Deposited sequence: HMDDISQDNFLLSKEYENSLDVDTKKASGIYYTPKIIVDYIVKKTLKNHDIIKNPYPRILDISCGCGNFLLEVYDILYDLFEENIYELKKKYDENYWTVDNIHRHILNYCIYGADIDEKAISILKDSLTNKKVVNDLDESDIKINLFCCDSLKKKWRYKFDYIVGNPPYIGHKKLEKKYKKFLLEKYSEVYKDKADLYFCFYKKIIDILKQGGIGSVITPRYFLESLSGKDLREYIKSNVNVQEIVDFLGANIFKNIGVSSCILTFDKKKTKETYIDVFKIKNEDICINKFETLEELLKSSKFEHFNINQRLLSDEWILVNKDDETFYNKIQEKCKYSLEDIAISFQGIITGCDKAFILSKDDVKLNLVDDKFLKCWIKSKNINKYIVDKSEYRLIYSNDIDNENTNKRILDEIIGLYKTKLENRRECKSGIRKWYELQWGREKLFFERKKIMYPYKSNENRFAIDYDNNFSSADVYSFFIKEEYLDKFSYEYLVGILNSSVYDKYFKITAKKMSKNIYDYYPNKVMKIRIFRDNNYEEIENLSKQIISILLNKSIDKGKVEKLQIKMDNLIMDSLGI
């Protein structure tokens, strides 16, 4: 709410060092370092200390090369505050605190400080900057105001579109006002590396700057008590012909960031893996994996001839708009007031397992089948109407498109009331299950059914067998969107792009999947046999894919 977030000191030190470790202060004693979202100035104070050390270490060389009277130890503070440090923020209080801190670093002429309290995306910047650091704000499409979103769409259409984020626009602004040959280094969410909304931002970054380094923390909790996954991006505008990116990807997401005094020590250690990515070979997606994973992914992609999107029709669950008004326990007495034709089985993401779905515990009132208010007054007055006001605040109800008691997005009943495959929208592993009970679900579970023309080619049992294998788990996680610790996004924009194969092992894989399903559906389950069959199927799939 306040917009002020405490970046860890080690991250700030690493970013400042990355920007300013190889700066020739003799050649250019007037470097412009800008923090576009400084806030309390965690980055700017470190920049001040680094610059003070740099000027003090080379004070006599500057005295020789330039005006000897101007370059004195006493005058370093004034020079840094006048020509070096620039900060911008939207909070007056934080800017005041930062100005006080910069003043207290060292009456006189009341040295001026280049601190601005305004919107960095609206400010007209007179000059470009040698170096840019800081941590931009992260605000999604839900928490962003409508008029500001219109402004972003009009002015930042190159990177902001649909469900994009504000830090996309901040990336664009940082790139735009970066001096030629300058270096920028920021910490942002890692989602733009793989999200669908980030495609335009990725294209802009690829085509406008050379990405020096990507540090991916995956699901590690960099910010305490904050539910976000972070990455560090360092880029330049220098004239270079190599265009190779160092990628440091974390291997253990439970590590403590204070293991060493410096972040580079952590990167060098066994807690991180390093590899190189050719920027010129980047596609719409950024496949930031090592050589072994790249070979694995390429083999799977080249071997497979079909994809899930080609052979299946996919859809999202029902979005009622107020779950408490339409979802009831199956053992609720109020369900006695609702006819069984209006009741549908309701499942959550946790109910989805491998090859099977847990028994339904909830019922959904498909209120779209209620013709009018008069005939079914009991249900509306005693069940749904308890949240009527909230139901009236939905967008479609305010515009009159939807009645107050109707589901906001009821989809089509025929899609759910058939044999299909369901999977949770967020999970730690591949969980694709055949639904035999015509289960309905919210958007936390996605569903798909095979097209008629591909039924003779692919069966549900074979699909769930291959998709739940460790091979396909690893294959999907190569390009999957990492959300948090042990959580990947399983959405149609990437699930439907999974490629599938068909060869001489189809029959045995289908038989093993059928055996696993039969064991799982039995009243008494011996799961060890299921694990053994899964191992056999994994071996068979690896044999099929030549890996």
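Mapping the modelled residues onto the deposited sequence reveals missing stretches at 1 to 26, 133 to 137.
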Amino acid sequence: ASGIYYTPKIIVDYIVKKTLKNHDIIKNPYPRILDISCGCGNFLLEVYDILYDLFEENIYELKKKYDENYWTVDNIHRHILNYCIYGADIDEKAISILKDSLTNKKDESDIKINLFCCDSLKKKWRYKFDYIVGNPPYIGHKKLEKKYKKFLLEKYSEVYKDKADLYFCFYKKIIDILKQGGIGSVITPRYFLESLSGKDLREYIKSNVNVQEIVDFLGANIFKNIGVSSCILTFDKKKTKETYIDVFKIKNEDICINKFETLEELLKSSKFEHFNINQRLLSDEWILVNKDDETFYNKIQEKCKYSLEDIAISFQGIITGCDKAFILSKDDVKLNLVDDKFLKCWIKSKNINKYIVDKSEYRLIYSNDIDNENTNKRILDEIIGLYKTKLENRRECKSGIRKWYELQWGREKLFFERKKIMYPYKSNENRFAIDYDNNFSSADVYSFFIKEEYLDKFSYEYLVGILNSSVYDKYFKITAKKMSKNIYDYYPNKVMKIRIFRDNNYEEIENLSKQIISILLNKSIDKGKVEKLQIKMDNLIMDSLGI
From here on, numbers count along this sequence of modelled residues.
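We call the rigid core the largest set of C-alpha positions that still match within 1.5 Å between the two forms.
For the pair 257 to 265 and 215 to 223, greater average C-alpha departure from the shown form in 8 other deposited structures of this protein after core alignment is found in 257 to 265. Averaged as a root mean square over residues and superposed structures in 8 other deposited structures of this protein, CA distances to the shown form are larger in 370 to 378; the pair compared was 370 to 378 and 430 to 438 with a core fit. When the C-alpha B-factors of 427 to 435 and 334 to 342 are averaged, 334 to 342 comes out higher. Mean CA B-factor, 145 to 153 versus 312 to 320: the higher value falls on 145 to 153. Residue-level inspection of the entry shows that, of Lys106, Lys348, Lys249, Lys199, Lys106 has the top Cα B-factor. Out of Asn208, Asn468, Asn298, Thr389, it is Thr389 whose C-alpha atom has the highest B-factor in the PDB entry. In this PDB entry, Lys64 carries a Cα temperature factor that places it within the highest third of its chain's modelled residues. Placement of the Cα temperature factor of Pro492 within the chain: lowest third of the modelled residues, per the deposited record. Ranked against the other modelled residues of its chain, the C-alpha B-factor of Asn82 as given in the entry falls in the middle third. Sort the modelled residues of the chain by CA B factor and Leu380 lands in the highest third. In this PDB entry, the Cα temperature factor of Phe55 sits in the bottom third of its chain's modelled residues, the lowest group.
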